[PDB]
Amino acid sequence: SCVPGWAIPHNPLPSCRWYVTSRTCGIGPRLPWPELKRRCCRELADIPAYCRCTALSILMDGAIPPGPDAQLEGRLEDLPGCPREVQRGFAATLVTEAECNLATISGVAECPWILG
């Protein structure tokens, strides 16, 4: 069920994109750091524990759901002086107790396969 439209929303984790770009790229919404973080973690916890790593994966590398239209969902693209590799490295740490501290399918707050 961990697919956009099903257990995962279409265009997943809008606020996490911004928090990732704010930190790495320096460009983001005009919101205080804690607010930026909170909104990201909120959207993340609203996703079933089991689908949480998949969601990160989609936000990082994007996804293409089958269908007549099928548009590219998520994915972190390059920003002026902010390559996609920098953003990805930080995005991978979102579930960490350091960041959002949320449990995945493993029951532990970590996604070992996400990065790379």
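Just count from 1 along the sequence shown to find any residue number.
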In the PDB record, does 74 to 82 or 22 to 30 carry the higher mean Cα temperature factor?
74 to 82
Which is higher on average in the deposited entry, the C-alpha temperature factors of 61 to 69 or of 45 to 53?
61 to 69
Would you mind checking where the Cα B-factor of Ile8 ranks among the modelled residues of its chain, as the lowest, middle or highest third?
middle
Assigned third (lowest, middle, highest) for the C-alpha B factor of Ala98
highest
By its CA B factor, does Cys40 count among the lowest, middle or highest third of the modelled residues in the chain?
middle
